[PDB]
Amino acid sequence: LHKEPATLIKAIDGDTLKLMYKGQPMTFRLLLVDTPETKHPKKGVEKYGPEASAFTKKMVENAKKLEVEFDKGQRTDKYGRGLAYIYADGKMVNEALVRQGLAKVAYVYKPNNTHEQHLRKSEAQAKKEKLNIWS
């Protein structure tokens with residue numbers, strides 16, 4: 001796996017970003033994590049949804065550098081969203097959310113599961129610490 005640069009256009013939700021990648025504007029979905037949603041009329045603003053969204057937003061907006069890292073499987077989902085691990089100043093946004101109890105590890109689709117065990121370890125720790133959704 002390798003990292004490539006991207007530029008923030010817009011943070012949309014806890015787990016969805018609009019980036020400029022290879023000169024094109026693109027929506028990215030964070031791989032392997034589910035954050036509570038702010039969107040949807042069919043749900044509403046779920047609990048911690050707003051918190052997860054502010055966390056993702058500040059972490060990507062305050063970064064000097066953003067990088068995207070595709071996994072080994074498909075790189076877009078059926079909605080045309082890029083599927084990637086996102087890094088802000090070298091720190092993985094997907095892991096940060098999980099480590100804070102602001103996201104669960106998603107149902108996983110091989111072969112797009114390279115950082116699966118890393119994330120599940122951060123998730124067991126946030127659980128252990130009873131943070132946010134594990135409160």
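Sequential numbering from 1 along the given sequence is applied to the chain's residues. These values consider heavy atoms only, across backbone and side chains, with no hydrogens, waters or symmetry-generated copies.
Across all their heavy atoms, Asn132 and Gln100 have their closest contact at ND2-O, 2.7 Å. Across every non-hydrogen atom of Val108 and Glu116, the tightest pair is CG2-OE2, 3.7 Å. Closest approach of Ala106 and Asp34 over heavy atoms only: CA-OD2, 3.9 Å. Closest of all the heavy-atom pairs between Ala103 and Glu123 is O-OE2, 4.4 Å. Of all the heavy atoms in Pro25 and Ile9, the pair that sits closest is CB-CD1, 3.8 Å. Here the closest heavy-atom approach between residue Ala6 and residue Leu19 is recorded as CB-CD1, 3.9 Å.
For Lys39, there are no side-chain hydrogen bond (donor to acceptor under 3.5 Å, both in side chains) partners, not counting sequence neighbours. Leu131 is linked by a side chain to side chain contact (heavy atoms under 4.5 Å, CB included) to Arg99, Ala126, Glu129, counting only residues two or more places apart in sequence or in another chain. With sequence neighbours excluded, no residue forms a side-chain hydrogen bond (donor to acceptor under 3.5 Å, both in side chains) with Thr56. Residues meeting the side chain to side chain contact (heavy atoms under 4.5 Å, CB included) test with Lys47, sequence neighbours left out: none. For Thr16, there are no side-chain hydrogen bond (donor to acceptor under 3.5 Å, both in side chains) partners two or more places apart in sequence or in a different chain. Legend: residues meeting salt bridge (charged side-chain N to carboxylate O under 4.0 Å, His left out) with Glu37, ordered by chain and number and at least two apart, are absent.
A donor-acceptor contact shorter than 3.5 Å is absent between the side chain of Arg120 and the backbone of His118.
Atoms CG and CZ, on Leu8 and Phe28 in that order, are 11.5 Å from each other to the nearest 0.5 Å. Atoms CG and CG, on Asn112 and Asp77 in that order, are 10.5 Å from each other to the nearest 0.5 Å. Annotation: the span from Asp89 atom CG to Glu67 atom CD amounts to 9.0 Å, rounded to 0.5 Å. With values rounded to the nearest 0.5 angstrom, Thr38 atom OG1 is found 3.5 Å from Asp13 atom CG. Summarising the geometry, atom OG belonging to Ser122 is positioned 11.0 Å from atom CG belonging to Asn94; distances are rounded to the nearest 0.5 Å. One distance of note links CE of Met92 with CE of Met59; it measures 10.0 Å at 0.5 Å rounding.
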Open item on the list: Run the side chain to side chain contact (heavy atoms under 4.5 Å, CB included) test on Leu32 and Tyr85 for me, step by step, so that the C-alpha distance in whole Å, both residues' side-chain angles and the decisive distance to 0.1 Å come before the verdict.
Closed with: CA-CA 8 Å; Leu32 293 190; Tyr85 306 105; 3.5 Å; yes
Open item on the list: Between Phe70 and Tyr21, does the ring pair (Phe, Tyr, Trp, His ring centres under 6.0 Å) criterion hold? Intermediate values first, please.
Closed with: CA-CA 12 Å; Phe70 285 110; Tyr21 170 78; 5.6 Å; yes
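In this structure, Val33 is not a member of the same hydrophobic cluster as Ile12, with clusters built from ILVMFWY side-chain heavy atoms closer than 4.5 Å.
No side-chain heavy atom of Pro111 sits under 4.5 Å from any side-chain heavy atom of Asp71. Annotation: side chain of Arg75 is not in contact with side chain of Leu83 (no heavy-atom distance under 4.5 Å). Between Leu1 and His115 there is a side-chain heavy-atom pair separated by less than 4.5 Å. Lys104 places a side-chain heavy atom less than 4.5 Å from the side chain of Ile133.
Side-chain N/O atoms of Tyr48 and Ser135 include a donor and acceptor closer than 3.5 Å.
Using a 4.0 Å cut-off between charged side-chain N and carboxylate O, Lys58 and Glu61 make no salt bridge.
When the shell of 6.0 Å around NZ of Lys128 is examined, it contains 12 or fewer heavy atoms from other residues, nucleotides or ligands. Counting heavy atoms of neighbouring residues, nucleotides and ligands inside a 6.0 Å radius, atom NZ of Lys127 exceeds 12 of them.
Under the side chain to side chain donor-acceptor pair (under 3.5 Å) test applied with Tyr87, the options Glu69, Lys65, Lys3 reduce to a single match, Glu69. Applying side-chain contact (heavy atoms from CB on, under 4.5 Å) to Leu17 and the options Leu30, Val68, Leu66 leaves one that passes, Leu30.
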